[PDB]
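Here the protein sequences line up with chains C, A and F, keeping their order. If you use the entry's author numbering, the first sequence corresponds to residues 50 to 236, 246 to 421, 427 to 452, 463 to 518, in order. If you use the entry's author numbering, the second sequence corresponds to residues 50 to 236, 246 to 421, 427 to 452, 463 to 518, in order. If you use the entry's author numbering, the third sequence corresponds to residues 50 to 236, 246 to 421, 427 to 452, 463 to 518, in order. For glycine and all other residues, C-beta sits at the position ideal for the given N, C-alpha and C. Heads up: the structure comes next, in structure tokens.
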Amino acid sequence: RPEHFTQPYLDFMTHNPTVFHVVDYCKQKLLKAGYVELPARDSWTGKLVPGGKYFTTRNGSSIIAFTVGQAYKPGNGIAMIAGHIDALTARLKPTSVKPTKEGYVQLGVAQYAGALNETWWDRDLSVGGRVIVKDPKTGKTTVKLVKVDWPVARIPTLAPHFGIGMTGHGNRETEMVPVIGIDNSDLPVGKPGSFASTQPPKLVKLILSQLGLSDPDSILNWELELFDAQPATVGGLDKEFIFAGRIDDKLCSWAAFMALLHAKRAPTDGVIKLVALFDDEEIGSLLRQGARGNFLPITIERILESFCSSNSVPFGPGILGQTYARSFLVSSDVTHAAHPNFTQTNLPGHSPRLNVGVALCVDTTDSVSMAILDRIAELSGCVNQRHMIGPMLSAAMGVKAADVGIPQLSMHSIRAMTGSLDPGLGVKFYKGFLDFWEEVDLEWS
Amino acid sequence: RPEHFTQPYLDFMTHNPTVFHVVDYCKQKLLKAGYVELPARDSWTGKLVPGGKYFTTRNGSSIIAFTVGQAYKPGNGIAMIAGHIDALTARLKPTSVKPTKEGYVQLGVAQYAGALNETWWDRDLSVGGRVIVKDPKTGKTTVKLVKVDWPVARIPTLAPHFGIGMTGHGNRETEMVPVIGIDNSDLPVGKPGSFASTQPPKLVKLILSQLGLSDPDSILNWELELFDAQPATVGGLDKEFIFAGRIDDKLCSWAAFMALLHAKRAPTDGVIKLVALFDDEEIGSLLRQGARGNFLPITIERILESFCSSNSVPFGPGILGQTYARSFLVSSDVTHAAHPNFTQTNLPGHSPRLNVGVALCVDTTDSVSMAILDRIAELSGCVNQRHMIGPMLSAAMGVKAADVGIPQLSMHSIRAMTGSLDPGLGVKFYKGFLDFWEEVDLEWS
Amino acid sequence: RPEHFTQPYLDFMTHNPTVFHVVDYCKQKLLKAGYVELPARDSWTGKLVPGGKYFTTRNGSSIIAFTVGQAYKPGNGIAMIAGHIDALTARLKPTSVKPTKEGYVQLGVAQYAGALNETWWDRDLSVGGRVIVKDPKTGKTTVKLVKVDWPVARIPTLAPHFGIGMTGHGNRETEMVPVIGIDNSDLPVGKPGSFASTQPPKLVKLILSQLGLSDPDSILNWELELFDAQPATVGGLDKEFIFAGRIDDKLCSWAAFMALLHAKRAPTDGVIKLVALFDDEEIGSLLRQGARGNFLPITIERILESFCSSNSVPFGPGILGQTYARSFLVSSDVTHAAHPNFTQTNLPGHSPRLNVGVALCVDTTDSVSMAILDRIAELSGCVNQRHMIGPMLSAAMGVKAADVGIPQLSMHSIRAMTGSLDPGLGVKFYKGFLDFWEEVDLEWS
Ligand SMILES: [Zn+2]
Ligand SMILES: [Zn+2]
Ligand SMILES: [Zn+2]
Ligand SMILES: [Zn+2]
Ligand SMILES: [Zn+2]
Ligand SMILES: [Zn+2]
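And the structure:
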């Protein structure tokens, strides 16, 4: 079964370039699997029920999905997995328009997370994100997703012949300005104060067509980024490899998500099985949608308070915290696979292989956490590797936790690699955790 | 009386080398003094009663102990002390086994804190920690403490004759690899995939005998570290000094703990007297057992909600926070004593002496905090010093707070020093705070 | 049998911290074994006898002991071993008193031979040496040994927090000044011209109590040093290691000494068997008690002249030198064992192992010397190693010679390392040399 996840992972990576696409992807699969959305502005305290499946969203870039076991009662524990779905990228400036320079049309961008490193030069870049549109019919402000299907942007290297490097000194504001087109005419869209006037005129027209809008003044704002247009693929002589960009945690997040969809719901399951995918981890994770934010804790408190009303039980501290005491959090970010050409950096016995299994990262993880996940791995038919050179929902909730990752090479590159079976082996371990946590917890004292 | 704590402190330091021994030490003395343990998974909302004495544990490395005044009612303040019981130490790697090299058997370790500094060379190192054992009788997973009573490990310097230093370049992964034994045979324990196989065979057998086990496959994991085998002692011509390692906060923590054990329970005490000892402050103090984690706030809320049930009072924000507004938090970490040989680093009037009293550390502390603790010091018969070059439970609970410390030389050394009266003077001040806080708070407006 | 020397070596190291204690230790064992002291101011030319046993002393820091074979006649050779019993240490200055500074009482000291090094920081240091006392009963000037049984002194590191290192710039004069006590009174013994007045007042009183003396002016002078108070011990998982300080040649000297005490006296022994232990090799060994001084040569000439009287043979050059031509000198200083973490410094084939045997050091040693001692090792049941990166009584006497050493790690550290069987393996070899030299010499031409 692990190879059964290779191409679905490939298609996921290719067609969901931005964090907004990822949540939209997860949201449509959860709805087709029968999950019910819980809007934050609505009262939940009536409507949660054992055997139910739910999800909730924040800023359309953060999502928490969970299933409540049929044997669930207030005070029972949660098996939860956390990951981040943001990736290093380059966002269009509030004013992205630039002067046409030596006949080239350029684009103002800002490196989001420190993204524009040497691997970004001479890549075919496309654009995508969300647009804030004022709907023609309703007069309500809305959000729509957009993507250009061919490369519009590029950051060109300089020839080595000039004595500098090809990358120059590497300065991102002067030398890394993307090139989006040609205008040689030396040989404008929207009312002068509008948003559209701050952006390149063909970018606006291109975006308006994809949204089926004609009036530039319908666009209040957008959030757009550049991403590598090259599809995810398998490679190697035997196709053991996956080549794709944005692997830093779209990989572990996708695996955790698929784990939840594929998890058991046994009539005897007494725990809540939960996956939390967060935005903004490469900036530290503290923002409304980040992992150091209220999002997951207040969601958990809402769920528990909801079941407390149904059972006429008082909600408070220590019904919460009897819950936390019975819970376990797997915090999953990608880890470094053994690098064959920098062996300086491979700590022996602690440097994970590709196409083997998940690595337990140690420096959150500790002897108890490792005993728990090694045991789960055995019930799952998984082998757990070790790696050493937002993990800290653990502190916010006082939940026992471990750091866990799928091995990867060239982390933070615009295009990285893992083994072709690593997504599936990931799904296999996470599913093993959600399914066996409650059983394993009862083997302790 | 301060001298009456010198040998008890000595014995404490000598026989409790790891954070797990410290909690076990506190737990046995709390139980012998009649404290009741509150397990997180159980409901407390019935049990708590004025005049009662309790404690709670997290991961066996974090502990919170408190007494409820007989005059206590919901809304009354808490007099609380926080400290950390972790110390810089070197933890065994997940795979601690190494190739025998030039006839030596070595041990894979990782500096936990940033610990392995120059003072760690040529010290007699022993090993200790916790083991995750599979009880053959019950079949339940358990935890046991272990210690080897003689030095097993050493990090040898190089002779100066070779042109390098004795310490070399100081690189921790190549040049400081402990040496645990000799094997010259060039002139194995457990099923090949088990945990025992990742460890030195001879350490595993040594650990199994200490725990009275035969089969290597009964050990699922362990958490072991290296510590200095040399006992704590008194020193100097007049025995004014205490020479011991791991003083960075085992000292302030132990004195705080003893203050609680020695505090008044007057029939007129209306506050709660609490001590919180945390793990992982040298790592920034957030994960599950850390100081910027859930542990102390959720415990306090649980206690308050419990007494709210008993008195049929609603629990919520503003019964909590009336509580916080009547509270005070002494966050106690060790401080730097005047160093006689680096006088450049001694800020005059702000550089505390040994065998005098506790230092108020200023850079949390403020004119109000100092007014209170100077006032408590006067009722206690104490003299407070000043020091200047997890404090931030204060922000999490909005509690009035100060940073307080017992002066020390050679902080973060494998072996440090303070005055022989400094533990006692510590207990004396902390006891003064817990006993007099409520009285002092009523002198204000 | 080599294990039979482990604890007696451990006890020797622990209780004889200074060169003065070493000579006193050797002296009482020689006397208990029936050796006769030869005072330098007395004529010996009557009093030496075949089968006799004798020793001689210089400054109470140097000693030469020997046995005369029963078959001895003038012109017969000597099997002699030479070593040094001084060790790197810190002497008290002539005026050790210091100003009390920031409440600390300090002690003026001087490094004896580049001794204070990185490993001397944060060690528990005690004091010992000899005292020159004025005898009240007799009025004679005399010498007494003294040792304090608990740590009186410490050289404290600075916390890393201050931006310097813990060791500072390392300057031994301002930054390494030992700390002996506390005086906070800012919050004396003897006539003002006497020796006692130049020293710390409580040091003087402490020393006087140990010698059972009341009057400070009975002390004319003393020679005192700081040494590591930590006992010698065995360590390692199976206790294959010895951890002790001052191993540089207390180890080889002690082994040589016990070899003499354990040597054969066969009725057919025709050679003198002799051990010379010298002071000050770390200073290059020229002064009265050093190895480049007259001590051993003039003692040998005295012995030879004495037996020339008894046999009415003329003494002169060429009865001496027939003697030297039949002799052999084993010059024994410790050597560097293979270091497992600096392999750059281990010369393959030439880097000796712990718990194997003595290494023959080559750079005095030569093809002839090696053939002799390899042959002696075979008769003794010993394994000789090779080592490669004052031996020069060889030049003074024109005696054939070799440099041999017991391997050791971290030479010149305040606390070094050897194998637990290495002292024993040392005495086994040295005994082999003394017993078999005459036999082996007759296998040559
Ligand atoms: Zn990252
Ligand atoms: Zn990541
Ligand atoms: Zn610290
Ligand atoms: Zn601290
Ligand atoms: Zn030396
Ligand atoms: Zn030497």
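Comparing alpha-carbon positions, the option among A:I130, A:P66 and A:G219 lying closest to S110 of chain A turns out to be A:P66. Listed along the chain, the chain A residues whose CB falls inside 7 Å of the CB of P250 of chain F amount to none; the nearest CB is some 22 Å away. A Cβ of chain A is located within less than 8 Å of the beta carbon of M451 of chain C. Distances taken from the Cβ of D421 of chain C to the heavy atoms of ligand 2 include none shorter than 7 Å. Residue-level contact by beta carbon fails for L436 of chain A and chain C, as no gap is shorter than 8 Å. For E224 of chain F, DSSP records no beta bridge to any residue.
The C-beta of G217 of chain F comes closer than 8 Å to at least one C-beta of chain A. Annotated three-state conformation of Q268 of chain F is helix, per DSSP. Identification of chain F residues near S409 of chain A by a Cβ-Cβ cut-off of 9 Å yields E151, ordered along the chain.
The alpha helix (DSSP H) runs lying completely inside the region 340-387 of chain A and spanning 4 residues or more are 353-368 and 380-383, given in chain order.
At least one heavy atom of ligand 6 sits closer than 7 Å to the Cβ of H133 of chain F. In this structure, the alpha-carbon of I130 of chain C lies about 33 Å from that of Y382 of chain A.
In this structure, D235 of chain C and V154 of chain C do not form a Cβ contact; the two beta carbons are roughly 12 Å apart against a cut-off of 8 Å. For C419 of chain C, the enclosing beta strand (DSSP E) begins and ends at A417 to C419. If you check each beta-carbon in the region 350-378 of chain C against every beta-carbon of chain A, the ones closer than 7 Å belong to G374, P375 and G376. Between the region 326-338 of chain A and the region 133-145 of chain A, the count of Cβ pairs shorter than 8 Å is three or higher; the stretches touch. Under a criterion of Cβ atoms nearer than 9 Å, the residues of chain C adjacent to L278 of chain A are, in order, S430, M433, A434, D437 and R438. For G497 of chain C, the enclosing alpha helix (DSSP H) starts and ends at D495 to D514. Every residue with a CB closer than 6 Å to a heavy atom of ligand 5 is listed here in chain order: F:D306, F:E340 and F:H485.
Along the region 251-274 of chain F, going in chain order, the ones with a CB nearer than 7 Å to a CB of chain A are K260, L261 and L264. Per DSSP, the continuous alpha helix (DSSP H) segment holding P57 of chain F begins and ends at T55 to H64.
Around the beta carbon of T105 of chain C, 16 or more other beta carbons sit within 10 angstroms, so the residue counts as buried. Near chain A, meaning a CB-to-CB distance below 9 Å, the residues of the region 464-486 of chain C are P464, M465, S467, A468, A469, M470, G471, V472, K473 and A474.
For the region 384-399 of chain A, the set of positions with a beta-carbon nearer than 7 Å to some beta-carbon of chain F reads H394, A396, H397, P398 and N399 in chain order. Ranking F:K150, F:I127 and F:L269 by CA distance to the CA of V388 of chain F puts F:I127 first.
Taking C-alpha positions only, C310 of chain A is separated from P209 of chain A by approximately 39 Å. DSSP lists A:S389 as the bridge partner or partners of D476 of chain A. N369 of chain F counts as exposed, since fewer than 16 other beta carbons sit within 10 angstroms of its beta carbon. Distance from the CA of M433 of chain C to the CA of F54 of chain F, rounded to the nearest whole angstrom, comes to 46 Å. In this structure, the beta-carbon distance from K504 of chain A to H320 of chain A falls below 8 Å.
Residue contact check for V158 of chain C against chain A: no CB pair falls below 8 Å. Among the CB atoms of chain A, none fall inside 8 Å of the CB of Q402 of chain C. Taking 8 Å as the upper bound for CB-CB distance, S409 of chain A and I300 of chain A are not in contact here, some 19 Å apart. When CB distances to chain A are screened at a threshold of 7 Å, not a single residue of the region 89-105 of chain C falls below it. Identification of residues in the region 484-513 of chain F having a C-beta nearer than 8 Å to some C-beta of chain A yields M484, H485, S486, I487, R488, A489, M490 and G492, given in sequence order.
A check of alpha carbon separations from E52 of chain F across F:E339, F:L482, F:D495 and F:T190 identifies F:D495 as the nearest.
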